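# Structure assessment
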2 protein chains.
Amino acid sequence: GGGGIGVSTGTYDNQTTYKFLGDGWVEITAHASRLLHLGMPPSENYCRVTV
Amino acid sequence: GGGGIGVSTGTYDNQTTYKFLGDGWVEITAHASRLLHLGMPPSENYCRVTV
């Protein structure tokens, strides 16, 4: 019910909405949704690196 | 008080106003004021004229 491997935990919304409040004021709500990718770090250490 | 030769009977407004009511609706009020001229007709008759 509250959780499981076979249910989605969110919705994809990337549409931009314009809300005209009156007196010329506009509420602009920008939705952005992106499929993000991740991969293992080349090292698990914190490295102090010089160039 | 209510009338006379030395008082103006109206105001000159030729500005255009935009009233944003909300939900994207706009009340556009266009004011137009023009100095108008008139002159006597060449004839005081109604004429039935052929070309």
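Residues numbered from 1 in each chain as written, not as in the entry; some residues may be left out. Chains lettered and ligands numbered in written order. Part of a larger assembly, values for the part shown. Heavy atoms only, no water.

This entry lists cryo-EM as its structure determination method and reports a resolution of 2.59 Å.

Chain A appears in the PDB entry as Major capsid protein from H-1 parvovirus. Each PDB entry has a title, and for this one the record gives "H-1 Parvovirus VLP".

## A word on the interface of chain B and chain A
Reports often express the size of an interface as the amount of accessible area lost when the parts come together. On the chain A side, the residues contacting the five residues of chain B number five residues. When chain B packs against chain A, close to 320 Å² is buried across both sides, 59% of that on carbon and sulfur atoms. Per-residue buried area on chain B facing chain A is highest for B:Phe20, B:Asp23 and B:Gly24; these three make up 74% of the total on that side. In this assembly, chain B and chain A are joined by zero salt bridges. Classifying every residue of the side of chain B that touches chain A gives two nonpolar, two polar and one charged. (Contact = heavy atoms within 4.5 Å. Buried area = accessible area lost by both parts, 1.4 Å probe. Salt bridge = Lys/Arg side-chain N within 4 Å of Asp/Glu carboxyl O. Nonpolar A, V, L, I, M, F, W, Y, C, P; charged D, E, K, R; others polar.)

## Some points on the environment of A:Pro41
Considering the arrangement of structural elements, one finds A:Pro41 in the segment after β2 (25-30). Sequence separation between A:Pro41 and A:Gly24 is 17 residues; the distance between their C-alpha atoms is 50 Å. (Helix = DSSP H or I, 4+ residues; strand = E, 2+ residues; numbered from the N terminus.)

## Quick word on the side chain of A:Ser33
Tracing the chain through its elements places A:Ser33 in the segment after β2. Once you skip the residues sitting within four places of it in the chain, A:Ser33 turns out to touch A:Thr11, A:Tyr12, A:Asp13 and A:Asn14.

## Section: a nonpolar patch on the surface
Residues and elements named next belong to chain A. Taken together, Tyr 18, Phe 20, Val 26 and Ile 28 make up a surface patch of nonpolar side chains, about 390 Å² in accessible area. Within the secondary structure, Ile 28 is located in strand β2. We classify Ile 28 as exposed; its relative accessible area is 54%. (Patch = residues over 30% accessible without salt bridge, like charges linked within 9 Å, V, L, I, M, F, W, Y side chains within 5 Å. Areas by Shrake-Rupley, 256 points an atom, 1.4 Å probe, with all protein chains shown as cover. Buried < 20%, exposed > 50% of the residue type's maximum accessible area, 1.4 Å probe, protein only.)

## Structural notes on the relation of the copies chain B and chain A
The two copies are related by a screw operation: chain B maps onto chain A through 180° of rotation and 0.0 Å of translation along the axis, at an RMSD of 0.0 Å. Overall, the copies show the geometry of a two-fold rotation axis. Rotation axis and chain B: the residue whose C-alpha lies nearest the axis is B:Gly22, separated from it by 2.1 Å. Interface overlap between copies is the fraction of interface residues in one copy that are interface residues in the other; for chain B against chain A it reaches 100%, indicating a shared surface. (Least-squares fit on C-alpha atoms.)

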